[PDB]
Structure formats: C-alpha cells, structure tokens
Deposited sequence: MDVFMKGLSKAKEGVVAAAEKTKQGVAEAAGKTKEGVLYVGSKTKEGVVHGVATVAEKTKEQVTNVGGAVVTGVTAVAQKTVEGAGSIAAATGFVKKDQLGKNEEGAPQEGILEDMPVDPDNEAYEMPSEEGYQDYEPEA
C-alpha cells in the first residue's frame, strides 16, 4: 500500500461543455424494505456528462489503491 515518486533535475488544455438539462447521479444506493446492502468504494469513481482526465501524470507520478471485504 506504498506509493513513491521522485523527480530530480540537474500547451493548451481545453474542455468545452454546453449542456441543456443535464442530470448526473454518482454513487447511489436506492432501496426499499431491504435487509442489507454494502457499497464499498476504494478505487476512483468518476461520473459525469463531461468527464475529462487530461495529463494525469506528467512528471514522476504514482497512484495506488487497495480494497477488501471479509464477512466470515
């Protein structure tokens, strides 16, 4: 669960959105008369009409994630 990124030294990014009547639902839990529900999120949930991820890592860059589920 360890992330490292070291950097040693010795343009135009455009997003254009023109929406009419836009409805966005992200992580949603809708229920009625239920018994048990689990929504375990540990990653990267990106939800939307204009979902843009430009130049996520440019220099030295690290990401990490870890999820689990134990019930026994």
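Residues of the deposited sequence that lack C-alpha coordinates fall in the stretches 1-14, 25-35, 98-140.
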